[PDB]
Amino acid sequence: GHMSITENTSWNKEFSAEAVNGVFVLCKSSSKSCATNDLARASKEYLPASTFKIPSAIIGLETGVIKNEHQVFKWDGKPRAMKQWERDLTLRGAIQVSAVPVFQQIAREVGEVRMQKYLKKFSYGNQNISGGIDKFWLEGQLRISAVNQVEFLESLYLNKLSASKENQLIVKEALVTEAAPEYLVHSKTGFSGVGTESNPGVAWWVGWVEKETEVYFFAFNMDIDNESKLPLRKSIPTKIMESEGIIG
């Protein structure tokens, strides 16, 4: 891209408090003005986990696998890994509750050939989908950096991905997580799991904030080996955005 990124070690204060190894990337207006606590980690690539439901939803719409925004994903009554998935869901519903089996079936119907095509068009991380069509974003070799997330979300915000504008808009409405008269957040979490010995998992929070006529893009990730640390994925970025005057 044409990203211009400045390291700002003052942000590390928010991480040391809870002994978190992670990165926050925050861009005002565009990728031409980004800041981070850690330039090295900003460009390091991790498993996307549920953040991948953003490209996946757009690819589902583009291919016709998802017929339109009113598509209902019916639950077959068989056990699913979380109780909050054991129910019929809309597209927004499935994204918001990170309904993995819904997106596993989307991925299967999209198929390897089309999936590869679109991750190339989107410049989505290392674009490596190998090893199983219904789990490459969960435990396979797909990797993306915080910098790449921000660039990808900026394109989405601008309707500049190689997808119809209407498909980008549908997926954006599905990502709205806070709506006030002059404060709108689009965001998505992810969590790969707790990893293995000496190879922690990754937790994500990515999105953008529209406050007045200003827009801020963000991507956070952190190493995680314990599920009780999970809420830090939103609290640390929230604190940093508060200190910048974005939130509150």
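Residue positions are given as counts along the sequence shown, with the first one as 1.
Taking the mean C-alpha B-factor of each stretch as recorded, 134 to 142 and 157 to 165 are not equal, and the higher mean is that of 157 to 165.
As recorded in the PDB entry, 14 to 22 is the stretch of 14 to 22 and 225 to 233 with the greater mean C-alpha temperature factor.
Per the PDB entry, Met82 shows the highest C-alpha temperature factor of the residues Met82, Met115, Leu89, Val171. Highest C-alpha temperature factor among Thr51, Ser192, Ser30, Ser187, as the PDB entry reports it: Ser30. For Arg108, the recorded CA B-factor ranks within the lowest third of the chain. Only modelled residues enter the ranking. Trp205: CA B factor in the lowest third of modelled residues in this chain (values from the PDB entry). In the PDB entry, a CA B factor belonging to the middle third of its chain's modelled residues is recorded for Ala35.
The deposited CA B-factor of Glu214 belongs to the highest third of values across its chain. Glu182 sits in the highest third of its chain by CA B factor, as recorded in the PDB entry.
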